[PDB]
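1. sequence plus experimental coordinates follow:
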Amino acid sequence: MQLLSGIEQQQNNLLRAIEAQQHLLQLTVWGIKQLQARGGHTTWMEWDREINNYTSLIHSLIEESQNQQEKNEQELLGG
Amino acid sequence: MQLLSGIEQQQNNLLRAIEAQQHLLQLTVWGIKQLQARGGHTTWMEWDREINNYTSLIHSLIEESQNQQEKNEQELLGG
Amino acid sequence: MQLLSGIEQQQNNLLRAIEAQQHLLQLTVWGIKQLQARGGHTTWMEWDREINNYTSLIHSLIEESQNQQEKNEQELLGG
């Protein structure tokens, strides 16, 4: 159970990173639509905050995925 | 065969989502180049349609990846 | 060892593609911030070069991930 659990669990990390990256894509699509339609300083500050919130989350999911890769490989070698 | 098939098959779903997200990236890169070069209402309507077409596809691939994760985990537990 | 090695190794390819796509996201976020703040021809040429450098890398990682999927599936079938 132990090794296949680590493999399936890393597949969820990669999926979570894909989901988080997809939301970051919608934020970039939103920004392109605003500029094409053209001011709102308060709105663009919130946009910057959400870009950072999801950037920090993606890097956390990338780090967690890197940590699981090392554990899955450690388990494969000599197990 | 059954469990490793479900694992390999979910790796293809994640890859398909990465491929679909990559094409959505080129659409956002295209939009940034248009604004930097500056009108074309018909062209930006087609751009919005392709943003939605690939957004709907990515969510379909994310949902399919979530469905396979549950099936792979169900199979691991008690199998 | 052979099959699970190919599965774990493809998980690293997908993670490398996610990492490369994430850097391409920051380049698109950078471009949106420049236009919102508004000229710099030399800077936008370097931006285009880095968009292509990471686009070429992502497609290389997508191709490598597609090559590993076929090898993992070949190994599963009749092994």
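-> Noted; the coordinates are in hand. Numbers count the residues shown, from 1 in each chain, chains lettered A, B, ... in the order given.

2. in space, what's closest to the residue in chain A that chain B sits nearest to - neighbours in sequence excluded?
-> Of all residues in chain A, the one sitting closest to chain B is residue A:32 (4.3 Å; CB to the nearest CB). All C-beta spots, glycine's among them, are computed from the backbone N, C-alpha and C. Closest residue to residue A:32 apart from its sequence neighbours, by CB to CB, 6 or more residues apart in numbering or on different chains: residue B:31 at 4.3 Å.

3. can you check residue A:54 too?
-> Ranked by CB to CB, 6+ apart and with sequence neighbours excluded, the top spatial neighbour of residue A:54 is residue A:24, at 4.7 Å.

4. tell me which element the one you found falls in.
-> Taking DSSP states H and E as the definition, residue A:24 sits inside helix A:2-36.

5. helices or strands next to that helix in the packing?
-> Using 3 or more CB pairs under 8 Å, 6 or more residues apart in numbering or on different chains; DSSP states H and E, the elements in contact with helix A:2-36 are helix A:41-76, helix B:2-36, helix B:41-76, helix C:2-36.

6. looking at the ones you listed, which is closest to residue C:71?
-> Set against residue C:71 and scored by CB to CB, the helices and strands packed on helix A:2-36 come closest in helix C:2-36, at 5.9 Å.

7. how far is that closest one from where the chain is centred?
-> A distance of 5 Å separates the centroid of the chain from that of helix C:2-36, by CA atoms, centre = their mean, to the nearest Å.

8. got the angle between that helix and helix A:2-36?
-> Helix C:2-36 and helix A:2-36 meet at an angle of 20 degrees, taking axes from the mean of the first three to the mean of the last three CA atoms, to 10 degrees as the criterion.

9. ok, back up a step: could you count how many residues lie near the residue of chain A closest to chain B?
-> 24 (other CB atoms under 10 Å in any protein chain shown).

10. please tell me how far the residue nearest to residue A:69 when sequence neighbours are not counted sits from residue B:29.
-> For residue A:69, ignoring the flanking residues on the chain, the nearest one in space by CB to CB, 6+ apart is residue C:12 at 5.8 Å. Counting by CB to CB, to the nearest Å, the gap between residue C:12 and residue B:29 amounts to 26 Å.

11. do residue A:70 as well
-> If you measure residue A:70 against residue B:29 using CB to CB, the figure is 33 Å.

12. likewise residue A:17?
-> Using CB to CB, one gets 20 Å for the distance from residue A:17 to residue B:29.

13. out of the helices and strands packed on helix A:2-36, which is closest to residue C:78?
-> Closest among those, using CB to CB: helix C:2-36, at 11.9 Å.

14. the inter-axis angle of that closest one versus helix A:41-76?
-> 170 degrees.

15. need the contact list for the most centrally placed residue in chain A.
-> In chain A, the centroid-proximal residue (CA atoms, centre = their mean) is residue A:58; its distance is 2.7 Å. Residue A:58 sits next to A:17, A:20-21, A:24, C:22 when contact means CB atoms under 8 Å, 6 or more residues apart in numbering or on different chains.

16. between residue A:70 and residue B:29, tell me which one has more neighbours.
-> When neighbours are counted by other CB under 10 Å, residue B:29 comes out ahead of the other of residue A:70 and residue B:29, with 20 against 9.
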